[PDB]
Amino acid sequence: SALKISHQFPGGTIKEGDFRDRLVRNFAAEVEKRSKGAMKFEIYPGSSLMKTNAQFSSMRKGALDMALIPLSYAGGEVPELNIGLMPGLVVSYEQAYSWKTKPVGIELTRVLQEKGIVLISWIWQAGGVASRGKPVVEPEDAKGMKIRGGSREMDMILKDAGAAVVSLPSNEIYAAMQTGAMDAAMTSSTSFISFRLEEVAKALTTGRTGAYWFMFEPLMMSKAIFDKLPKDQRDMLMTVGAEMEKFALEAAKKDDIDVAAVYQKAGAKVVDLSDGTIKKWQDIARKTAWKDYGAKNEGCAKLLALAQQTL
């Protein structure tokens, strides 16, 4: 009877923890209240219900009700979704959130619908780089290193910079860094904190003065499940879903700053990015990743063109 919400991030409470976990708990509490109990939820944090990379497909097939997942993890199955992490196309939170109802966001929403997924909450997150050695700041700093970029397109950028790449969901970063299976890892500010990567890295490059890495990590629902609910319940999910976006923006921005103090206190070298450095990474994107993405299929070509209209 309860609707399940699955995600890969640590569990906590509404008041304290990884904001993505907080957000789904807030979402559930408000929908329950407003629906006067017609809908109830159960939260499965930390991949406790199923593996990270099984969630998206499970929603498509109607076997999982809801999940909060980095969207581009599904880019292997639906190439259009690789736009969820591709530097240069998203340059700021304001621009990223403005996508939602601009042509690019409507298009992305409709692509997801055709694949059996409804977008409940837009969530964008700036990132950075934790390194087992020297800070990774400039693209040239990546040369010769093994780095987890986080998506196909971040990884193509890293290859152009001369890094080797490692692919894994972010809940698997800690173990890989600890054993020296990689040299550095990119992820969100929030994940740098909630996966405690300060324990396994000596340096952090932050997004305090800007970032090139912005990942889309929306709350999603199975369309099949969603569609079978009464209209008023569908609309309440969509209403509360939209309301969570303000929380997501504030929480991400707070973690973008707080992560610096966490790593500093742990004894890590902590550095920020200049606008020029950010541009270097974005320029590499325009010449490598953008081509890879846009030429993949007609849907990617369209999304890329529509995303470019927002720059």
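All residue numbers are counted from 1 along the displayed sequence.
The PDB entry records a higher mean C-alpha B factor for 159-167 than for its counterpart among 159-167 and 115-123. Mean CA B-factor, 213-221 versus 182-190: the higher value falls on 182-190. Within the selection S48, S35, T52, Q282, the deposited Cα B-factor values reach their highest point at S35. Which of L249, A268, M66, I69 has the largest Cα B-factor in the deposited entry comes down to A268.
Annotation for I5: C-alpha temperature factor in the lowest third relative to the rest of the modelled chain, per the entry.
Ranked by Cα temperature factor within the chain, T101 sits in the lowest third according to the deposited record. When the modelled residues of the chain are ordered by C-alpha B-factor, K15 sits in the highest third. For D258, the recorded CA B-factor ranks within the highest third of the chain. Only modelled residues enter the ranking. In the PDB entry, a CA B factor belonging to the lowest third of its chain's modelled residues is recorded for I278.
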